[PDB]
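>>> PDB entry and its sequence, pasted below:
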Amino acid sequence: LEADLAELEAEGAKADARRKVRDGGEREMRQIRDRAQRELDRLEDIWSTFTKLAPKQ
């Protein structure tokens, strides 16, 4: 995303394209971190339901 923004700055495009590409990259990275925390909380639930486990569960 930073390289693409530098490219766009070099091409002298309007700030509309700057914000479009920046928002796209930001939302993609938000999705990446959200999925990473999805897996992290999956593992955390595994750990809780494993360590904190007893019959009748």
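Here it is on my side, so go on. Residues are numbered from 1 along each chain as shown.
>>> count the residues that sit near residue 49.
By the criterion of other Cβ atoms under 10 Å, residue 49 has 10 neighbours. Quick note: C-beta positions are derived from backbone N, CA and C, even for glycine.
>>> mind checking the SS state of it?
Using DSSP: H, G, I helix; E, B strand; the rest coil, the structure places residue 49 in helix.
>>> which residues does it contact?
Residue 49 sits next to residue 57 when contact means Cβ atoms under 8 Å, 6 or more residues apart in numbering.
>>> distance of it from residue 41?
Computed as Cβ to Cβ, to the nearest Å, the residue 49 to residue 41 distance reads 12 Å.
>>> likewise for residue 35?
11 Å.
>>> next: residue 13.
Distance from residue 13 to residue 41, counting by Cβ to Cβ: 39 Å.
>>> same question for residue 30.
For residue 30, the distance to residue 41 equals 16 Å [Cβ to Cβ].
>>> then residue 28?
For residue 28, the distance to residue 41 (Cβ to Cβ) stands at 20 Å.
>>> over to residue 15?
Going from residue 15 to residue 41 by Cβ to Cβ gives 37 Å.
>>> likewise residue 6?
Distance, residue 6 to residue 41, using Cβ to Cβ: 35 Å.
>>> and what of residue 34?
Distance, residue 34 to residue 41, by Cβ to Cβ: 10 Å.
>>> likewise for residue 54?
With Cβ to Cβ as the criterion, residue 54 and residue 41 are 22 Å apart.
>>> which of those two has more neighbours?
Higher neighbour count among residue 54 and residue 41: residue 41, with 11 against 5, using other Cβ under 10 Å.
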